[PDB]
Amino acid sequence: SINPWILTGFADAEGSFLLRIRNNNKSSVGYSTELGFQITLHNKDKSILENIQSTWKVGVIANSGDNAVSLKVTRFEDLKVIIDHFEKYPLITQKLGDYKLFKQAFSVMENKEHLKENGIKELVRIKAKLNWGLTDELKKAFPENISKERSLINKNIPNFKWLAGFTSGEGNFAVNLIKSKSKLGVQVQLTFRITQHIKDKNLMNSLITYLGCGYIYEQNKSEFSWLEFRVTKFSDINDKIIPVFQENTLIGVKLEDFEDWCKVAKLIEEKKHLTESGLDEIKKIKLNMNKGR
């Protein structure tokens, strides 16, 4: 049964809130609604979704395309369990803003106001601020006054369990083999990396101070920008990053990556990475990790 703060950190990484406002000829107001929370993962991490479903006793699990599986929670009574969790263990990325809109929509629907014109109008004003906002259709049907503005979230990491859940979503453990003018000709470097859209720069920057190490890099692709928190200094990896996740367990197959990674850190601690046999073992491990991803 997943620790609740690990669960929240994982939801910050992998969850999404949904609000559907659909044309419906059989609905009294011309529209039907659906509200919910979902996580979509690669099929290999299905057991996480089964563990969440069992931990919360809500949601349905289905294939999502050919390589992924989703846990989707939209049964209205199930949504109270979502609210109860995130009231006690609140999200800390910009997704908390989407949670706040989700709660506002939930309140409209709890009052059955979504079955009247004005409740539909209120849900449209809510949806305009949520995720990608109103569709063209909805913007057509509701050209009224609809601001897309909402407040920025600016929160710090609450604890290391949140961090373990978030890293189980967004983190990467890698062995970097660097062509080198070394005696062996290859430098072994361990890297820990977490990637996130630039909208959560404050949270990412706080990783530096929270963990006591690492750097932030920015990267572009056309208009699309993201940040990466990175650690490669071995003493920081060995004395700060590895202990954190030894005491705050990762979930999903990334746990296996972390375990292999630690095997290499052990070799480096003993200076075995400077030996031909140590280097060859490290190569085997890296091949095992990289193979499966």
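The first residue of the shown sequence is 1; numbering continues from there.
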item	value
Mean C-alpha temperature factor, higher of 121-129 and 181-189	181-189
Between 98-106 and 204-212 (mean CA B-factor, as deposited), the higher	204-212
Given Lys88, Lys199, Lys72, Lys116, the residue at which the Cα B factor reaches its maximum	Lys116
Per the PDB entry, maximal CA B factor within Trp56, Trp226, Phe234, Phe245	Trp56
B-factor third for the C-alpha atom of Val29 within its chain	highest
Chain-relative CA temperature factor third for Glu149	highest
Cα B factor band for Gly252 (lowest, middle or highest third within the chain)	middle
For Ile39, the third of its chain into which the C-alpha B factor falls	lowest
Cα B factor band for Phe142 (lowest, middle or highest third within the chain)	highest
